[PDB]
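Contents: one structure, followed by commentary.
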Amino acid sequence: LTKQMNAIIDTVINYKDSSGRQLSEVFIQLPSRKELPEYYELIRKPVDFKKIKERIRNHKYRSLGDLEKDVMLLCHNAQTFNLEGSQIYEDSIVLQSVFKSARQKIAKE
Amino acid sequence: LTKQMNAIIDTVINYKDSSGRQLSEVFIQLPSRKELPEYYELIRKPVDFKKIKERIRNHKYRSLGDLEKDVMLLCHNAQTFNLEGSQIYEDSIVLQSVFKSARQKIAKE
Amino acid sequence: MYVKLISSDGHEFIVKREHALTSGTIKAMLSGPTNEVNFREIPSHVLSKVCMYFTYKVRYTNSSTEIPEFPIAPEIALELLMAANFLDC
Amino acid sequence: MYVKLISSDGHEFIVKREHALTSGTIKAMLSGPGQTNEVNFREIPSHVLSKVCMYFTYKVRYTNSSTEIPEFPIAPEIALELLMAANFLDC
Amino acid sequence: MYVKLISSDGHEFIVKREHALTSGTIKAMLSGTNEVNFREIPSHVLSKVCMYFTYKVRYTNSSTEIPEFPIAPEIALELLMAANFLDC
Amino acid sequence: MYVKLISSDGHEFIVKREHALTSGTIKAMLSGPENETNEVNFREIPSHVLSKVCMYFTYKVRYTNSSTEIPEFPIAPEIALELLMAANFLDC
Amino acid sequence: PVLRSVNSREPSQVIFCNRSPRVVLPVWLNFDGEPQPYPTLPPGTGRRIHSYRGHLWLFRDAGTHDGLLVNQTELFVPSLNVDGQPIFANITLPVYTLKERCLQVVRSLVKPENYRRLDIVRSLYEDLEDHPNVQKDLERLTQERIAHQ
Amino acid sequence: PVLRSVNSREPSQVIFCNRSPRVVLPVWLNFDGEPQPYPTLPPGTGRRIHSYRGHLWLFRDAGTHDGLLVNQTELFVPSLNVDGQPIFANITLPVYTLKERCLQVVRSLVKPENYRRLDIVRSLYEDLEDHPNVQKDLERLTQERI
Amino acid sequence: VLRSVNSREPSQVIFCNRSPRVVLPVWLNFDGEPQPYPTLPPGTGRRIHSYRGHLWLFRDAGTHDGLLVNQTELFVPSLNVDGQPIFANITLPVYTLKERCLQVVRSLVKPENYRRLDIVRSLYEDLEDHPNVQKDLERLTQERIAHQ
Amino acid sequence: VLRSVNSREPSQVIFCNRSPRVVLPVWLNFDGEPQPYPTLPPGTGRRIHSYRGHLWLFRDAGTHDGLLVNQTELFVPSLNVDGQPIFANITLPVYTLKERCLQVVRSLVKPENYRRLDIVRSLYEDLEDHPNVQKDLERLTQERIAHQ
Amino acid sequence: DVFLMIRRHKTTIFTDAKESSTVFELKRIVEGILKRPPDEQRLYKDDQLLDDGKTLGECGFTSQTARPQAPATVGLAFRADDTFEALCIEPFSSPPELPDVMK
Amino acid sequence: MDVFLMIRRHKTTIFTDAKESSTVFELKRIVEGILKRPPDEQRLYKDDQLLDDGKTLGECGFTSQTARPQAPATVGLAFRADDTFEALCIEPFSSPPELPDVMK
Ligand SMILES: Cc1ncsc1-c1ccc([C@H](C)NC(=O)[C@@H]2C[C@@H](O)CN2C(=O)[C@@H](c2cc(O[C@@H](C)CN3CC[C@@H](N4CCN5c6cc(-c7ccccc7O)nnc6NC[C@H]5C4)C3)no2)C(C)C)cc1
Ligand SMILES: Cc1ncsc1-c1ccc([C@H](C)NC(=O)[C@@H]2C[C@@H](O)CN2C(=O)[C@@H](c2cc(O[C@@H](C)CN3CC[C@@H](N4CCN5c6cc(-c7ccccc7O)nnc6NC[C@H]5C4)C3)no2)C(C)C)cc1
Ligand SMILES: Cc1ncsc1-c1ccc([C@H](C)NC(=O)[C@@H]2C[C@@H](O)CN2C(=O)[C@@H](c2cc(O[C@@H](C)CN3CC[C@@H](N4CCN5c6cc(-c7ccccc7O)nnc6NC[C@H]5C4)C3)no2)C(C)C)cc1
């Protein structure tokens, strides 16, 4: 399960779009509150892509549906705080679409 | 001597003027060179108020005349380089006058 | 990213997916291993207004411009309250 | 604040302190213990000290300033004495 | 306590004394009078000058956001003249 | 070569061929089949206008592909309307 | 009581500005942290009020005790006044949930004894009966602060 | 320089709310106390802006450079944020003098080259010509504090 | 599209107005909505703090007429090399004689009076079509879908 | 330490001479040897076809006096973004009154006659120390070993 | 900003709009979402023909008439192989007569 | 629209800037601040013409292009003795020595 969970989370991070740019790198680590106090006033449950790798080693996620529940939570946390048309907004829309195709290849093939 | 050196350096930092504002707030930490490259091209021996607390713990200053020599150096690293009549310039004129009254109370009373 | 909500009387409502997800019940129905969803119980004059709320909520949440009251006519109030509770909006 | 610079022949030049401080040597004479508003140059004539001020005006104005700066003109007749004065002051 | 301002054409304007005093020139003419006569100010202007007194008195020191004091083009120049002549 | 533009009042304006070609209308009238003849006549354009139309050709040719600052092409109120008319007719 | 005013002795001039369409009830939390009703602000009005630094306030629909917002948040605590400049409390509608908003409207149209005549679920009937209240909301705000501290 | 920002290193979230009918030019005084123009606020909107504690601001009609008010005063200085709450800057019309208000309207209707054509006193002509200005007003505000 | 992408890496820039006009710098935000910024008087130049990848556009603050920056329509600061500031040179383009005439007429006649000028209706329509940041942004997108 | 970088990626640049002087653009070669290029008359601008990472320097073609490009001493073109050209704005620095005077004296008196001027000995040396690209390059190296 | 409801007979699009944006640009947004090329549908403002290149502002859509929770309602037509469709205005579902409890 | 000025009376010379839009009166006030003599004891001349307190430096003739920092425009100053003003008198600056032959 840990080998499968790493294959899905690493595919979403390593995923580059059709201009060669990596979408994940800005979602990989959350900003400090000192830096951006607005995200931590507006977003309820802040989680990043390294806090998901942390919870894959600590075995907090019991199934592949619990890993998905918190990848949708940060990708949805980004969408609220950022704008509809923002570069960060539409990549959390793509990172949900690349996680839902990455889990569908590893978990059943 | 360390108890006396701390009383003098802490009085100069904690010192507020007659509007309630603390003067040392700007002098507590020197800026990075990335931030302000001019300060590090024009000032020869850059030193702040935390680099003086550092050298009070490391015992680099042998007397109360060696602690004074480097408080005059940063306050003058203002005076040579900085705008006469600027907010920081007159504070380093007052921080030399509050250090010369703080050393005169602790070292002989 | 658009999504199709279909009322009892069979009207189709195309709204942004993110706008729809503001409803926990829709979020549940959509999330996991579809872009259409059918409401057997919700008429159009209601589901139309439910969408208008999504538009409103999405737009005015976290907006510094002072927020205007989301109006509800008496004629629609009760059925909307029902729909609202079912949706978890 | 305005400072008074006084030439050999005895002309008085009232210029802003900040403009004057551009001269390191004046900075020394003013920031020193002295006994100020006035400084006296017994060896600098007016036609020179006048132009030295004009430079202060120029330097202060066209510094911390970006897209284009104009040439600071110096007529041949004054060039040598100004160079002397210029050196004796920091710039 | 009310006061009477009289325009060139001879219209009478009864306004609170305190409202009028907003004008330094009126303050001068009164203080040391209940009526004051303006030989050079027509009614359509002196009427609006009063409306300003009403406005200024009411909205000075208001926490409630203050609204623009409107001036129509047709009156603007003569009002500016009257305004300058009055200390307001 | 040069080209001759003739105003309504009958002033002659001799301008470089390339300068004139800035006008699609003129380009058409000259390149339309000696061939590419020197003269073109504007019965509805007065001199004070056609003079300024040339001045624009001078300006456009000179300052197109100038890397630093270009200066404003001035038009006095008195001439503005008739020039706008002429400009539209010429396609310049 | 985590949420309470702080005895300060430093006065803080404040401007309560009601930019909601409703009559606003300013609610000062006491030092013990007990809500204290204060005089109501009519819609679209603003007044200067004398409060103290560290004092905690809360605002609500005077008529129905619906929740409002002040400076885009739920609690207002005046900063120390600087150079006589007054602090500003901008009171506005929140984005109510569609449900809570509907309840508001139904409650405003139907007499409470008739809530039982509406062809709705019992749970909805209970929700209609459960009028909003300062204390319930204060309890919720505490549990929302036990995760941050 | 009496009227200047203070370098603080402590961020202060602020809400610039333009409740004037005009386009508002926020003007940040630097540590030297030199006006720094910032992006304009359209009438009837608000923005959350990242400033720092002790930073001194000023607001004006982006077009006419007419004087505005913030929280019923001329200068705005954000307080330390309390528990993450954003501070609020409410920008409004002042009650202009009848004269200054008239000047505003005349200036807006007549081209500056035509101020000459108005049958008014020379003093008024000079007043028309003397457009309002942040720096002149800053000098005045100093003498009002001194 | 005209994205003005979040960088978090500052890029010092020098806005130099070498047009005869008052210049309105227009920053495209992350959503790609034009944001008016403080105007540059003619012949002025200032150091401004922008970020890498941020997309800018410049225009006549009054007429909303199109200007150029470094002989093109959009300016995007490159990442600074060794702290050296990037330079944005803002200039007049060579307007067509027509467009230039429109500019002058528009500047002399009140828009409600365009109808009173003894000119062709087509010219009146051209006068009425005032230049506009948004219209021009839409055009610049179709010029990027045409390079695809 | 201080040299162009072979890149093979073209970078269009605009050399804009906003100094009152004739400007000598000086390209540092890959070996890092100064290479004189064609001079820019005062108030002129040219498109230049340089390459990414190429390092340039500008000077008074006559006196070899130091100039500035984008308010700094070195210019290195970034890769073009969307075909937009980079801009190199070349200007006078604010010379010290002394250095400026030296410039004028040096321009009026033949170097063999510096000896005839009734001036202080130190100044004789200062007049003799003519500005020089290589001296300045050596200085810039120690200023880059001091920032690392 | 202007908020719009574009309806066909059975279908309803809720979308974003700028006052400054034009009827053409709007057709292209619909093309992007409903996957039918921009030339094949014609747009109605309350059942009247809409000018292919006027700005929504000039058409009549304003802040006061096109709010997010009260979007302004504009008609859409599918013309196929030279077919002209009269505007078929399918109503939404009707609410029941006002209950005595609310009146 | 800044102007750089030398205000000179006799052997006194004040170096200062002012706006084109600023007024002859405001300039007298700056002089008051320095030489401690009010605007009603001062007359300011541009060349030989007297400048009205109410006119802007612009209207008097001073422009940015002729009042540059390194070529300041000269405003003449006269003080009042009793009921009469002194003549405008600006004592000239010292002459430089003839060019040494080496600088031909
Ligand atoms: C959308 C919209 N709409 C309408 S308005 C708007 C909007 C609003 C805001 C923003 C953006 C996001 N926000 C801002 O722009 C905010 C707001 C306003 O408050 C200024 N500010 C800024 O960002 C400036 C700023 C940042 C800063 O932080 C300091 C604490 C830290 N800084 C580094 C270190 C310190 N140093 C202070 C000594 N200084 C030195 C001087 C000297 C010296 C002095 C005299 C003589 C000789 C000398 O050598 N020496 N050493 C020094 N150390 C370093 C240097 C700087 C300042 N404070 O202000 C930014 C722009 C500067 C966007 C839109
Ligand atoms: C005088 C004069 N004259 C003529 S013009 C002029 C003038 C010109 C300019 C100014 C003023 C001072 N300057 C400007 O206006 C400049 C110019 C133009 O460039 C815009 N700009 C601005 O200031 C904007 C601006 C500022 C900013 O700074 C960020 C890069 C840095 N910020 C920290 C953190 C980062 N981001 C970090 C992830 N973060 C998010 C993370 C996540 C997330 C991550 C992981 C997992 C889950 C998650 O959800 N989600 N969301 C995030 N959203 C925020 C984001 C922030 C931002 N960038 O742009 C300002 C105006 C907006 C004055 C005069
Ligand atoms: C009018 C006016 N006014 C004021 S100024 C001015 C003006 C402006 C311009 C010019 C003229 C027209 N322009 C210039 O002078 C410009 C400007 C400045 O930038 C220098 N420069 C030049 O032209 C140099 C120059 C040209 C060049 O072109 C290469 C990039 C293109 N080359 C293809 C091949 C690739 N390299 C690829 C690896 N390659 C090597 C590979 C290997 C190797 C590889 C694999 C395995 C084993 C191996 O050994 N080994 N060695 C290699 N070395 C070669 C290298 C070639 C680059 N770049 O620079 C000229 C002067 C040198 C005039 C006036």
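If you're wondering about the labels, chains in the structure tokens are A, B, ... by order shown, residues count from 1 in each chain, ligands from 1 in order shown.
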Considering only C-alpha atoms, extract the chain G residues located within 9 Å of chain E and return them as number ranges by chain.
G: 15-17, 44-48
With C-alpha atoms kept, could you save the residues just selected as a tab-separated table (two decimals), in the first residue's frame?
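Written out: result34.tsv:
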```tsv
chain	number	residue	atom	x	y	z
G	15	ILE	CA	-16.42	54.42	15.15
G	16	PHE	CA	-19.21	51.82	14.87
G	17	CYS	CA	-20.27	52.00	11.19
G	44	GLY	CA	-26.41	53.10	7.26
G	45	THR	CA	-25.33	55.13	10.33
G	46	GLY	CA	-22.03	55.57	12.15
G	47	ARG	CA	-21.24	56.93	15.64
G	48	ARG	CA	-18.11	57.59	17.70
```
Which residues of chain J are close to chain D, meaning at most 9 Å apart when you count only C-alpha atoms, and how do they look as a PDB file with N, CA, C and O atoms, in the first residue's frame?
```pdb
ATOM      1  N   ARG J  18      21.710  57.857 -23.912  1.00  0.00           N
ATOM      2  CA  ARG J  18      21.112  59.034 -23.271  1.00  0.00           C
ATOM      3  C   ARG J  18      22.168  59.808 -22.498  1.00  0.00           C
ATOM      4  O   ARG J  18      21.811  60.546 -21.629  1.00  0.00           O
ATOM      5  N   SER J  19      23.417  59.680 -22.912  1.00  0.00           N
ATOM      6  CA  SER J  19      24.511  60.540 -22.393  1.00  0.00           C
ATOM      7  C   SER J  19      24.738  61.645 -23.412  1.00  0.00           C
ATOM      8  O   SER J  19      24.354  61.512 -24.571  1.00  0.00           O
ATOM      9  N   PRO J  20      25.386  62.759 -23.020  1.00  0.00           N
ATOM     10  CA  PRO J  20      25.709  63.825 -23.961  1.00  0.00           C
ATOM     11  C   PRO J  20      26.948  63.486 -24.800  1.00  0.00           C
ATOM     12  O   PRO J  20      27.317  64.249 -25.650  1.00  0.00           O
ATOM     13  N   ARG J  21      27.554  62.337 -24.520  1.00  0.00           N
ATOM     14  CA  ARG J  21      28.872  61.920 -25.046  1.00  0.00           C
ATOM     15  C   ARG J  21      28.714  60.868 -26.135  1.00  0.00           C
ATOM     16  O   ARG J  21      27.674  60.203 -26.167  1.00  0.00           O
ATOM     17  N   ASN J  70      21.552  51.144 -17.326  1.00  0.00           N
ATOM     18  CA  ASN J  70      20.458  50.725 -16.422  1.00  0.00           C
ATOM     19  C   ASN J  70      20.961  50.968 -15.000  1.00  0.00           C
ATOM     20  O   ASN J  70      20.839  50.076 -14.166  1.00  0.00           O
ATOM     21  N   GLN J  71      21.525  52.156 -14.764  1.00  0.00           N
ATOM     22  CA  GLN J  71      22.028  52.660 -13.466  1.00  0.00           C
ATOM     23  C   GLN J  71      23.050  51.710 -12.844  1.00  0.00           C
ATOM     24  O   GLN J  71      23.315  51.861 -11.648  1.00  0.00           O
ATOM     25  N   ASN J  89      19.942  51.198 -21.356  1.00  0.00           N
ATOM     26  CA  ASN J  89      19.847  52.669 -21.253  1.00  0.00           C
ATOM     27  C   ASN J  89      21.195  53.185 -20.731  1.00  0.00           C
ATOM     28  O   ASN J  89      21.539  52.960 -19.575  1.00  0.00           O
ATOM     29  N   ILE J  90      21.951  53.846 -21.582  1.00  0.00           N
ATOM     30  CA  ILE J  90      23.341  54.272 -21.281  1.00  0.00           C
ATOM     31  C   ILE J  90      23.316  55.746 -20.876  1.00  0.00           C
ATOM     32  O   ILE J  90      22.779  56.545 -21.640  1.00  0.00           O
ATOM     33  N   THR J  91      23.840  56.086 -19.716  1.00  0.00           N
ATOM     34  CA  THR J  91      23.790  57.475 -19.238  1.00  0.00           C
ATOM     35  C   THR J  91      25.077  57.863 -18.527  1.00  0.00           C
ATOM     36  O   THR J  91      25.801  56.977 -18.052  1.00  0.00           O
ATOM     37  N   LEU J  92      25.259  59.169 -18.363  1.00  0.00           N
ATOM     38  CA  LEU J  92      26.276  59.720 -17.456  1.00  0.00           C
ATOM     39  C   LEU J  92      25.976  59.207 -16.056  1.00  0.00           C
ATOM     40  O   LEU J  92      24.825  59.072 -15.661  1.00  0.00           O
ATOM     41  N   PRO J  93      27.025  58.889 -15.284  1.00  0.00           N
ATOM     42  CA  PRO J  93      26.894  58.851 -13.834  1.00  0.00           C
ATOM     43  C   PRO J  93      27.062  60.270 -13.285  1.00  0.00           C
ATOM     44  O   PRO J  93      27.406  61.180 -14.028  1.00  0.00           O
ATOM     45  N   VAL J  94      26.776  60.429 -12.003  1.00  0.00           N
ATOM     46  CA  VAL J  94      27.057  61.698 -11.284  1.00  0.00           C
ATOM     47  C   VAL J  94      28.515  61.626 -10.846  1.00  0.00           C
ATOM     48  O   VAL J  94      28.775  61.071  -9.781  1.00  0.00           O
ATOM     49  N   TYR J  95      29.436  62.133 -11.664  1.00  0.00           N
ATOM     50  CA  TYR J  95      30.883  62.121 -11.340  1.00  0.00           C
ATOM     51  C   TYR J  95      31.088  63.021 -10.116  1.00  0.00           C
ATOM     52  O   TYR J  95      30.339  64.017  -9.949  1.00  0.00           O
ATOM     53  N   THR J  96      32.054  62.668  -9.267  1.00  0.00           N
ATOM     54  CA  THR J  96      32.551  63.557  -8.191  1.00  0.00           C
ATOM     55  C   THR J  96      32.987  64.867  -8.851  1.00  0.00           C
ATOM     56  O   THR J  96      33.393  64.823 -10.027  1.00  0.00           O
ATOM     57  N   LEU J  97      32.874  65.990  -8.154  1.00  0.00           N
ATOM     58  CA  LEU J  97      33.295  67.314  -8.686  1.00  0.00           C
ATOM     59  C   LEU J  97      34.765  67.226  -9.112  1.00  0.00           C
ATOM     60  O   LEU J  97      35.108  67.737 -10.204  1.00  0.00           O
ATOM     61  N   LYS J  98      35.592  66.575  -8.285  1.00  0.00           N
ATOM     62  CA  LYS J  98      37.034  66.374  -8.567  1.00  0.00           C
ATOM     63  C   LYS J  98      37.159  65.646  -9.906  1.00  0.00           C
ATOM     64  O   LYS J  98      37.677  66.239 -10.861  1.00  0.00           O
ATOM     65  N   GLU J  99      36.686  64.402  -9.980  1.00  0.00           N
ATOM     66  CA  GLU J  99      36.826  63.562 -11.189  1.00  0.00           C
ATOM     67  C   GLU J  99      36.317  64.361 -12.383  1.00  0.00           C
ATOM     68  O   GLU J  99      36.943  64.335 -13.441  1.00  0.00           O
ATOM     69  N   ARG J 100      35.222  65.091 -12.224  1.00  0.00           N
ATOM     70  CA  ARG J 100      34.635  65.873 -13.333  1.00  0.00           C
ATOM     71  C   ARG J 100      35.630  66.942 -13.764  1.00  0.00           C
ATOM     72  O   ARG J 100      35.790  67.139 -14.987  1.00  0.00           O
ATOM     73  N   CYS J 101      36.234  67.658 -12.808  1.00  0.00           N
ATOM     74  CA  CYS J 101      37.236  68.712 -13.095  1.00  0.00           C
ATOM     75  C   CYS J 101      38.412  68.096 -13.852  1.00  0.00           C
ATOM     76  O   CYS J 101      38.790  68.636 -14.914  1.00  0.00           O
ATOM     77  N   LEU J 102      38.960  67.002 -13.323  1.00  0.00           N
ATOM     78  CA  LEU J 102      40.060  66.244 -13.977  1.00  0.00           C
ATOM     79  C   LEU J 102      39.679  66.053 -15.443  1.00  0.00           C
ATOM     80  O   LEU J 102      40.425  66.524 -16.306  1.00  0.00           O
ATOM     81  N   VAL J 104      37.844  67.678 -17.402  1.00  0.00           N
ATOM     82  CA  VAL J 104      37.820  68.933 -18.206  1.00  0.00           C
ATOM     83  C   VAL J 104      39.268  69.360 -18.452  1.00  0.00           C
ATOM     84  O   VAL J 104      39.611  69.649 -19.613  1.00  0.00           O
ATOM     85  N   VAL J 105      40.079  69.385 -17.395  1.00  0.00           N
ATOM     86  CA  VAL J 105      41.523  69.761 -17.453  1.00  0.00           C
ATOM     87  C   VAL J 105      42.216  68.830 -18.463  1.00  0.00           C
ATOM     88  O   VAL J 105      42.808  69.317 -19.434  1.00  0.00           O
ATOM     89  N   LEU J 108      41.628  69.714 -22.017  1.00  0.00           N
ATOM     90  CA  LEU J 108      42.118  71.052 -22.443  1.00  0.00           C
ATOM     91  C   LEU J 108      43.649  71.062 -22.572  1.00  0.00           C
ATOM     92  O   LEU J 108      44.157  71.802 -23.443  1.00  0.00           O
ATOM     93  N   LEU J 117      51.147  72.877 -15.062  1.00  0.00           N
ATOM     94  CA  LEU J 117      50.025  73.431 -14.263  1.00  0.00           C
ATOM     95  C   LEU J 117      50.512  73.706 -12.838  1.00  0.00           C
ATOM     96  O   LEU J 117      51.132  72.814 -12.261  1.00  0.00           O
ATOM     97  N   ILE J 119      49.805  73.413  -9.782  1.00  0.00           N
ATOM     98  CA  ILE J 119      48.840  72.688  -8.915  1.00  0.00           C
ATOM     99  C   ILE J 119      49.596  71.762  -7.943  1.00  0.00           C
ATOM    100  O   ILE J 119      50.790  71.588  -8.047  1.00  0.00           O
ATOM    101  N   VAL J 120      48.869  71.169  -7.024  1.00  0.00           N
ATOM    102  CA  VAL J 120      49.416  70.212  -6.020  1.00  0.00           C
ATOM    103  C   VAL J 120      49.938  68.944  -6.728  1.00  0.00           C
ATOM    104  O   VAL J 120      49.388  68.519  -7.787  1.00  0.00           O
ATOM    105  N   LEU J 123      47.465  66.073  -7.446  1.00  0.00           N
ATOM    106  CA  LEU J 123      46.600  66.298  -8.631  1.00  0.00           C
ATOM    107  C   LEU J 123      47.362  65.871  -9.878  1.00  0.00           C
ATOM    108  O   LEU J 123      46.767  65.215 -10.756  1.00  0.00           O
TER     109      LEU J 123
END
```
Just the helix (DSSP H, G or I) stuff from chain D, please, per backbone DSSP, written as a PyMOL selection string.
chain D and resi 17-20+24-31+46-61+76-88
Enumerate as a ChimeraX atom specification the residues within 12 Å of ligand 3, counting only C-alpha atoms and all ligand atoms.
/J:3-17,22-41,44-58,61,75-77,88
At a cut-off of 6 Å around ligand 1, and using only C-alpha atoms and all ligand atoms, what residues come up? Please write them as a PyMOL selection string.
(chain B and resi 31+36+39+81-83) or (chain H and resi 7-9+26+38-40+49-52+55)
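The neighbours of residue A:2 here are the residues that come within 12 Å of it, using only C-alpha atoms and leaving out any residue fewer than 2 positions away in the same chain; they are residues 4, 5, 6, 7, 8, 9, 10, 53, 54, 55, 56, 57, 58, 59, 60, 61, 62, 63, 64, 67, 106 and 107 of chain A.
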Skip residue H:27 itself and residues of its chain fewer than 3 positions away, then list as a list in words all residues within 6 Å of it, counting only C-alpha atoms.
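Surrounding residues, per the criterion: residues 35, 36, 37, 38, 57, 58 and 59 of chain H.
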Could you please determine the separation between atom CA of residue F:77 and atom CA of residue F:25 in Å, to one decimal place?
25.0 Å
When you get a sec, could you note down which chain G residues fall within 7 Å of chain C, using only C-alpha atoms, as a list in words?
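Residues satisfying the distance criterion: residues 92, 93, 94, 95, 97, 98, 99, 102, 103, 105, 106 and 120 of chain G.
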Could you please select, counting only C-alpha atoms, the residues of chain E within 8 Å of chain H and state them as a compact mmCIF listing (two decimals) with N, CA, C and O atoms, in the first residue's frame?
```txt
# COMPACT_ATOMS: atom_id res chain seq x y z
N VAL E 49 -25.90 79.49 -1.30
CA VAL E 49 -24.89 79.78 -0.25
C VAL E 49 -25.44 79.30 1.09
O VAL E 49 -24.67 78.73 1.88
N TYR E 52 -25.42 75.58 1.49
CA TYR E 52 -24.07 75.13 1.91
C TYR E 52 -24.00 75.22 3.45
O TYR E 52 -23.60 74.22 4.06
N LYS E 56 -22.74 72.22 5.58
CA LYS E 56 -21.49 72.30 6.39
C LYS E 56 -21.84 72.01 7.84
O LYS E 56 -21.20 71.13 8.43
N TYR E 59 -22.90 68.17 8.37
CA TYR E 59 -21.99 67.05 8.03
C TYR E 59 -20.58 67.24 8.59
O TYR E 59 -19.83 66.26 8.53
N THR E 60 -20.21 68.42 9.08
CA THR E 60 -18.92 68.57 9.82
C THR E 60 -19.00 67.66 11.04
O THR E 60 -20.07 67.62 11.65
N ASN E 61 -17.95 66.87 11.29
CA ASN E 61 -17.84 65.96 12.46
C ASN E 61 -18.86 64.81 12.36
O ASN E 61 -19.26 64.27 13.42
N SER E 62 -19.26 64.43 11.15
CA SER E 62 -20.13 63.25 10.94
C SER E 62 -19.28 62.00 10.72
O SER E 62 -18.42 61.99 9.83
N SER E 63 -19.54 60.93 11.47
CA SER E 63 -18.97 59.58 11.24
C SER E 63 -19.62 58.91 10.01
O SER E 63 -18.91 58.25 9.22
N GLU E 65 -20.76 58.67 6.38
CA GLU E 65 -19.97 59.12 5.21
C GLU E 65 -20.62 60.37 4.62
O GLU E 65 -21.87 60.40 4.51
N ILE E 66 -19.81 61.33 4.18
CA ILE E 66 -20.30 62.67 3.75
C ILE E 66 -20.57 62.64 2.26
O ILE E 66 -19.79 62.05 1.51
N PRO E 67 -21.70 63.23 1.81
CA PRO E 67 -22.04 63.26 0.39
C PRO E 67 -21.54 64.54 -0.31
O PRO E 67 -21.40 65.56 0.34
N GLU E 68 -21.27 64.44 -1.61
CA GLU E 68 -20.72 65.56 -2.42
C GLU E 68 -21.72 66.72 -2.40
O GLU E 68 -22.90 66.47 -2.65
N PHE E 69 -21.26 67.95 -2.12
CA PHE E 69 -22.11 69.17 -2.22
C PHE E 69 -22.23 69.56 -3.69
O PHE E 69 -21.29 70.09 -4.27
N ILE E 71 -22.97 71.28 -7.32
CA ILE E 71 -23.04 72.63 -7.93
C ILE E 71 -23.25 72.47 -9.44
O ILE E 71 -22.36 71.91 -10.09
N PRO E 73 -23.35 73.44 -13.38
CA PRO E 73 -22.56 74.35 -14.22
C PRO E 73 -23.12 75.78 -14.30
O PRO E 73 -22.37 76.71 -14.16
N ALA E 76 -22.16 77.75 -11.26
CA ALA E 76 -20.80 77.48 -10.73
C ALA E 76 -19.99 78.76 -10.56
O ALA E 76 -19.44 78.96 -9.47
N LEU E 77 -19.93 79.60 -11.60
CA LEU E 77 -19.01 80.77 -11.64
C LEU E 77 -19.48 81.81 -10.62
O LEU E 77 -18.66 82.20 -9.77
N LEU E 79 -21.41 81.45 -8.09
CA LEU E 79 -21.30 80.85 -6.73
C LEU E 79 -19.85 80.99 -6.26
O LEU E 79 -19.64 81.42 -5.11
N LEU E 80 -18.88 80.66 -7.13
CA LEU E 80 -17.43 80.79 -6.85
C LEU E 80 -17.14 82.23 -6.44
O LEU E 80 -16.42 82.44 -5.47
N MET E 81 -17.67 83.18 -7.18
CA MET E 81 -17.53 84.63 -6.86
C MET E 81 -18.08 84.85 -5.45
O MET E 81 -17.30 85.23 -4.58
N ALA E 83 -18.88 82.74 -3.09
CA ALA E 83 -18.09 81.92 -2.15
C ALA E 83 -16.83 82.70 -1.74
O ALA E 83 -16.55 82.79 -0.57
N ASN E 84 -16.08 83.25 -2.69
CA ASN E 84 -14.80 83.95 -2.39
C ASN E 84 -15.12 85.17 -1.53
O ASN E 84 -14.44 85.42 -0.55
N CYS E 88 -16.29 81.64 3.70
CA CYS E 88 -16.43 80.17 3.50
C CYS E 88 -15.73 79.68 2.22
O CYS E 88 -16.17 78.84 1.47
```
I'd like the interatomic distance between atom CA of residue A:109 and atom CA of residue A:11, to a tenth of an Å.
15.7 Å
Nearest to ligand 2 among H:45, H:25, H:145, H:54, with distances taken over only C-alpha atoms and all ligand atoms: which residue is it?
H:25
